[PDB]
Amino acid sequence: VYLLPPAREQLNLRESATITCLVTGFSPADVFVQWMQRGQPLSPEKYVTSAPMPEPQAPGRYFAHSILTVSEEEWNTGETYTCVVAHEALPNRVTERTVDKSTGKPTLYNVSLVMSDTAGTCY
Amino acid sequence: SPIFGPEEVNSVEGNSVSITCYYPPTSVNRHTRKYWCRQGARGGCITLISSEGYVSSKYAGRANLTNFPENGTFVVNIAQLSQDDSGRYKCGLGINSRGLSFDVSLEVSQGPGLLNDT
Amino acid sequence: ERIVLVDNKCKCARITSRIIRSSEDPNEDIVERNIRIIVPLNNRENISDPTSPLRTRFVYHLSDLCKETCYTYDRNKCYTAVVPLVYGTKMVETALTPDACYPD
Ligand SMILES: *[C@@H]1O[C@H](CO)[C@@H](O[C@@H]2O[C@H](CO)[C@@H](O)[C@H](O)[C@H]2NC(C)=O)[C@H](O)[C@H]1NC(C)=O
């Protein structure tokens, strides 16, 4: 199971944000998938998902999807939205993953170079 | 930070003034530069009097500076004040560029009066 | 208000720290490690032998000095290198920095 945060393009009209609990690379089929939120499962009515689509490239394998329309602020405040997958090809048969704003944001850092500008402040 | 002196000192023109600033009595502070500098909106102390002898050209005869290592002190005497002397100053030691120093404010005002009725 | 984690007066390093107690929100504060170095680009590599090259590299394994070849003349403890004088030869002392080697 993977997970991609909503497209920044969506986060410019500031109504809704969509999240893609991509599921793939597995066999057999009949994967159920559910979305946790701090231990609280959402309703299946909150989100939508596919059926196991036969995978083109990986031959004897299936894949599916699911989405959920989190609104702008409703993603902008934390709320990691764990996505949990139920299948039979796992040791404990289950897995779950999650995301937030700050899944990336990797080390933004403003260097600064200064000369010839006496600011009247120590260093 | 380890330098210590009076924050603001006021006097009026024509008078003398004497300022004392303190340093820990260690060996170097008993045997190294003391200075009185004046800053502004231009970025830098301009030195006005030094413990090494140099006196600013505008302060010749006006003022001098003496060090009493036994008191852990150095003293600055200014006489013949004017309203052109009011501004922000600093006592300090060592190289002016660092801050082993202490900031002083100075406000000079004219000698009022002229009113025999009060 | 800061907390000087290290103040190495023979590297002129000074790692302080200060929790920026935020706007009075809950505990979404971030602690903050200020650093500061004043590298000389004037001195030797043998700080106490002015017959060596100057310096190019200035390496700060902060791990090492978060606790001896360090390269600023510390102000308070002073240095010297015995130096020959000739008036005849004599092998005699010096005082490589003043105003701190004063036996007083
Ligand atoms: C290079 O530095 C080392 C240590 O930093 C110096 O070693 C000793 O320094 C003391 C200083 O008083 C002298 O009394 C010793 O005679 C030095 N020992 C040796 C073996 O030299 C060393 O002197 C420095 N280099 C030079 C050329 O002096």
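In case you missed it, the structure is sitting above this.
Figured I'd write up the structure that's included with this text.

### A word on the pattern of salt bridges
- Applying the stated criterion across every chain, the model contains 4 salt bridges over all chains.
- A:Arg14 is the salt-bridge partner of A:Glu72, the closest N and O atoms lying 2.4 Å from each other. Highlighted residues: A:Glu72 in helix 1 (residues 72-75) and A:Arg14 in the segment before strand 1 (16-18), separated in sequence by 58 residues.
- Between C:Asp104 and B:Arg30 there is a salt bridge; the shortest N-O distance is 2.5 Å. With C:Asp104 in the segment after strand 6 (90-92) and B:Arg30 in helix 1 (residues 27-30), this pair bridges two chains.
- C:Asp104 gets classed as exposed once you look at its relative accessible area, which sits at 51%.

### Some details on the sheet that holds strand 7 (residues 87-93) of chain B
Residue and element names in this part refer to chain B.
- Read across the sheet, 5 strands follow the order 1-8-7-3-4 without closing on themselves; strand pairing throughout is mixed. Single-partner strands in this sheet number two, and they are strand 1 (8-12) and strand 4 (46-50). Each adjacent strand pair in this sheet contributes to an overall mean axis angle of 30°, direction not counted.

### Remarks on the interface of chain B and chain C
- In this assembly, 6 residues from chain B lie in contact with 6 residues from chain C.
- Summed over both sides, the interface between chain B and chain C buries roughly 660 Å², with carbon and sulfur atoms accounting for 50% of that surface.
- Counting across the interface, chain B meets chain C through 1 salt bridge.
- In this structure, the connection of chain B to chain C is made through 1 residue pair in polar contact.
- Of the residues in the side of chain B that touches chain C, the class split is 2 nonpolar, 3 polar and 1 charged.

Definitions and limits used
Residues numbered from 1 in each chain as written, not as in the entry; some residues may be left out. Chains lettered and ligands numbered in written order. Part of a larger assembly, values for the part shown. Heavy atoms only, no water. Salt bridge = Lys/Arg side-chain N within 4 Å of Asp/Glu carboxyl O. Helix = DSSP H or I, 4+ residues; strand = E, 2+ residues; numbered from the N terminus. Buried < 20%, exposed > 50% of the residue type's maximum accessible area, 1.4 Å probe, protein only. Pairing = 2+ DSSP bridges. Axes fitted to C-alpha atoms, helices over the stretch in contact; angles between N-to-C directions. Contact = heavy atoms within 4.5 Å. Buried area = accessible area lost by both parts, 1.4 Å probe. Polar contact = N/O pair within 3.5 Å; in protein donor to acceptor, adjacent residues only side chain to side chain. Nonpolar A, V, L, I, M, F, W, Y, C, P; charged D, E, K, R; others polar.

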